[PDB]
């Protein structure tokens, strides 16, 4: 997987037949290599219609999700593997090449205590199976680190690497998010350096989830590190500029993050491409 991506959330998080059409077609209009398709309601995902759309617009896909609470792997590793395998099935049916995101827990997950090795054993058992399942489908399996307020288990790139190395699969990659690294990494570039080998996917997101280029992410440190490690993965824009008011609680976002989705699509995607160009990402 290599190139520029846009998260389907730039148009919607639904994936009914015309939500899929609007996001895929729009991602083709912005000349992206990949679209990131959220898997929220797995039953209501039409993989044949989606695959038809992807092939019509010449667009590759990766899938992402956050584990719902019944399926959090730190406490319920068996419902985790169930949910993760049923989402991998839908991702493979659809033509997507990977499942990534918060595949090990929730974005509202909290015990009140530090992570315990029992929790990590649960994560390791659950994730080694669903990754093994991903292998049979030819898929790669992503682990995205999020900030301390969303999850207590995988916050830094170092925790993500250590978890990957414990599972010991060969198709798991580390997925990092500049919105989360802006808090969790002691110098954002250290997260990219720490993940080095396993880093194949980036959420390129401004510090306020608005427009990359107009916030506090140190983008020159980010692209410097990405270039110097020889990154050949996907750079996917993630912004909450299109998120509906209905979604506020699920993303702890209580006010507008930007002026509107189309300005974020214009200025944000151009910014990532221009900055990729300045640092010769993919220039080898």
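Residue numbers count along the first chain shown, from 1.
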{"property": "Stretch exceeding the other in mean C-alpha B-factor - 132 to 140, 193 to 201", "result": "132 to 140"}
{"property": "Of 89 to 97 and 184 to 192, the one with larger mean CA B-factor", "result": "89 to 97"}
{"property": "Out of 44, 216, 239, 252, residue topping the C-alpha B-factor column of the entry", "result": "44"}
{"property": "C-alpha B-factor winner, where the candidates are 13, 25, 269, 276", "result": "13"}
{"property": "B-factor third for the C-alpha atom of residue 114 within its chain", "result": "middle"}
{"property": "Residue 226, C-alpha B-factor rank within chain (lowest, middle or highest third)", "result": "lowest"}
{"property": "Third assignment of residue 78 from its chain's C-alpha B-factors", "result": "highest"}
{"property": "B-factor third for the C-alpha atom of residue 168 within its chain", "result": "highest"}
{"property": "Chain-wide C-alpha B factor ranking for residue 283, given as lowest, middle or highest third", "result": "highest"}
